[PDB]
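The structure appears right after this line, and notes come after that.
In the text below, chain A, chain B and the rest are named by the order of the sequence lines, each starting its count at 1. Side-chain atoms are counted along with the backbone in the values below, which use heavy atoms only and exclude waters and symmetry mates.
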There are 2 protein chains.
Amino acid sequence: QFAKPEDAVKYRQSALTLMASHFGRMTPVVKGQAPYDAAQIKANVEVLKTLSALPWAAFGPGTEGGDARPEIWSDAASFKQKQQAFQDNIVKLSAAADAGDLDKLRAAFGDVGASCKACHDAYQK
Amino acid sequence: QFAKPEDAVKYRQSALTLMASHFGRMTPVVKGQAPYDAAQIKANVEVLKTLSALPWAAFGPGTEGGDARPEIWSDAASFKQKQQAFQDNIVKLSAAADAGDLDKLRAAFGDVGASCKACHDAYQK
Ligand code: HEC
Ligand code: HEC
């Protein structure tokens, strides 16, 4: 869907920005600093679910650039495992949000955040 | 969800970028230049649906900035009608995509695009 490789870079950065907002905005809720409204969080995690599937198709072949480390493409398969692991952790977060259980949400949220960091540590400059 | 007003600006620009990609990538399909796969389009329009609800909450009070014209806030209510009209046109597009009818998709797509332009004409610098 990208006319030039920089279009893919702009798309993925935008997706990751939105992901970060939908993930990070829950931090005060998981910490108990903002109230826990189960319906609010369920809705938000549904948006995060959708968003969290979007960046990976914009690291296609030939889309080298941005703050991506070249190893996204030089070890594409390690990168792929890290995206699928992250998405699997999003499934656990969705289940916790659908259950309406703050303890489960806290645990899942930490799992998701660890998965973000693991990919950054290897693939972000 | 924004620590400072510029955070809202970055969020909305990112949402609108993603919206534009999910909308514009269908152009060759509606023009007949790329094949029409009803399941492909149905899935894509579901993503566009989700995305199309996201920018408006990031034009909150006090989030003046970006390439937004000041009138988004000085006539907030005209801006609001234009967002709700755009979202209503997204509903028609979703219905066309769910029906799997290329003629209906073409008509809805044109309706949506006209709604994008109508808002830009009044509110984008
Ligand atoms: C499987 C790999 C991977 C996962 C998982 C991942 N990221 Fe990243 N992230 C990247 C890469 C690669 C970049 C740099 C992209 C670029 O500049 O081309 C990035 C960039 C970003 C950016 C900056 C985008 C910009 O505007 O330039 C943010 C914000 C971000 N990530 C947040 C997150 C959050 C929050 C999570 C987890 C909820 C997450 N990421 C999970 C790989 C990942
Ligand atoms: C109800 C108003 C409204 C509608 C509807 C709307 N836009 Fe916009 N658009 C804006 C405003 C306001 C900006 C500038 C936002 C800013 O810079 O703060 C903008 C900016 C953009 C940008 C640039 C974002 C960036 O990276 O800075 C793109 C791309 C875009 N719009 C595409 C679209 C498409 C495609 C549609 C329809 C599918 C659409 N817009 C519908 C109001 C709207």
Side-chain angles (χ1 to χ4, degrees), chain A residues 11-59 66-68 71-72 77-79 81-83 85-100 102-116 118-124, chain B residues 2-9 11-19 22 43 46-58 60 63:
Chain A
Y11 177 102
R12 70 206 188 208
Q13 286 179 345
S14 288
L16 291 161
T17 297
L18 300 167
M19 255 172 64
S21 178
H22 289 274
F23 180 72
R25 72 179 55 195
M26 303 185 284
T27 303
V29 178
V30 290
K31 295 185 168 156
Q33 294 158 7
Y36 176 51
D37 170 335
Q40 178 182 211
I41 291 302
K42 177 176 178 182
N44 184 65
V45 171
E46 290 168 341
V47 173
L48 178 56
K49 166 179 171 173
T50 297
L51 290 171
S52 282
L54 301 181
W56 317 114
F59 292 94
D67 271 323
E71 294 75 20
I72 292 168
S78 176
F79 185 78
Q81 66 200 199
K82 291 192 201 296
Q83 71 91 340
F86 164 71
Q87 292 199 73
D88 291 343
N89 286 279
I90 292 294
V91 172
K92 182 172 179 300
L93 188 63
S94 296
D98 294 354
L102 182 52
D103 286 20
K104 299 173 185 280
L105 191 78
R106 286 185 345 126
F109 186 87
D111 293 343
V112 170
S115 194
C116 312
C119 186
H120 294 164
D121 280 350
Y123 299 110
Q124 185 188 56
Chain B
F2 308 115
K4 295 164 163 197
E6 194 51 37
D7 293 313
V9 173
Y11 177 102
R12 70 206 188 208
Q13 286 179 345
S14 288
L16 291 161
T17 297
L18 300 167
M19 255 172 64
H22 289 274
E46 290 168 341
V47 173
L48 178 56
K49 166 179 171 173
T50 297
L51 290 171
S52 282
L54 301 181
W56 317 114
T63 68

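With contacts defined as side-chain heavy-atom distances shorter than 4.5 Å, the pair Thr63(B)/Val9(B) does not qualify. In this structure the side chain of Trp56(B) never reaches within 4.5 angstrom of the side chain of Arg12(B), judged on heavy atoms. In this structure the side chain of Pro55(A) reaches within 4.5 angstrom of the side chain of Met19(A), judged on heavy atoms. In this structure the side chain of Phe86(A) reaches within 4.5 angstrom of the side chain of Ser52(A), judged on heavy atoms. Counting heavy atoms from C-beta on, the side chains of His22(B) and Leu54(A) come closer than 4.5 Å.
Atoms OG and CG, on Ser14(B) and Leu18(A) in that order, are 5.0 Å from each other to the nearest 0.5 Å. For the atom pair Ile41(A) CD1 and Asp98(A) CG, the distance stands at 12.0 Å (nearest 0.5 Å). Rounding to the nearest 0.5 Å gives a distance of 10.5 Å between CG of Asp7(B) and OG1 of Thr17(A). Of the inter-residue distances, the one linking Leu51(A) atom CG with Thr50(B) atom OG1 reads 8.0 Å to the nearest 0.5 angstrom.
Minimum interatomic distance between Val45(A) and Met26(A) (heavy atoms only, all atoms of both residues): CG2-SD, 3.8 Å. Scanning both residues, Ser115(A) and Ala85(A), for their nearest heavy atoms gives OG-C, 3.9 Å. In this structure, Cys119(A) and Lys82(A) approach most closely via the heavy-atom pair CA-CD, 4.0 Å. Nearest approach of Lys49(A) to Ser94(A), heavy atoms of both residues: CB-OG, 4.3 Å. Nearest heavy-atom pair, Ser78(A) versus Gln81(A), reported as atom, atom and distance to 0.1 Å: O-CG, 3.0 Å.
Under the 3.5 Å distance criterion, the side-chain polar atoms of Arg106(A) are left unmatched by any main-chain donor or acceptor of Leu102(A).
Taking the six-membered ring where the residue is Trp, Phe23(A) and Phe109(A) present parallel rings, their angle staying beneath 30° rather than reaching 60°. Using cut-offs of 30° and 60° for the angle between ring planes, the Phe59(A) and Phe79(A) rings count as tilted.
Residues passing the side-chain hydrogen bond (donor to acceptor under 3.5 Å, both in side chains) test with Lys92(A) are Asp111(A), sequence neighbours excluded.
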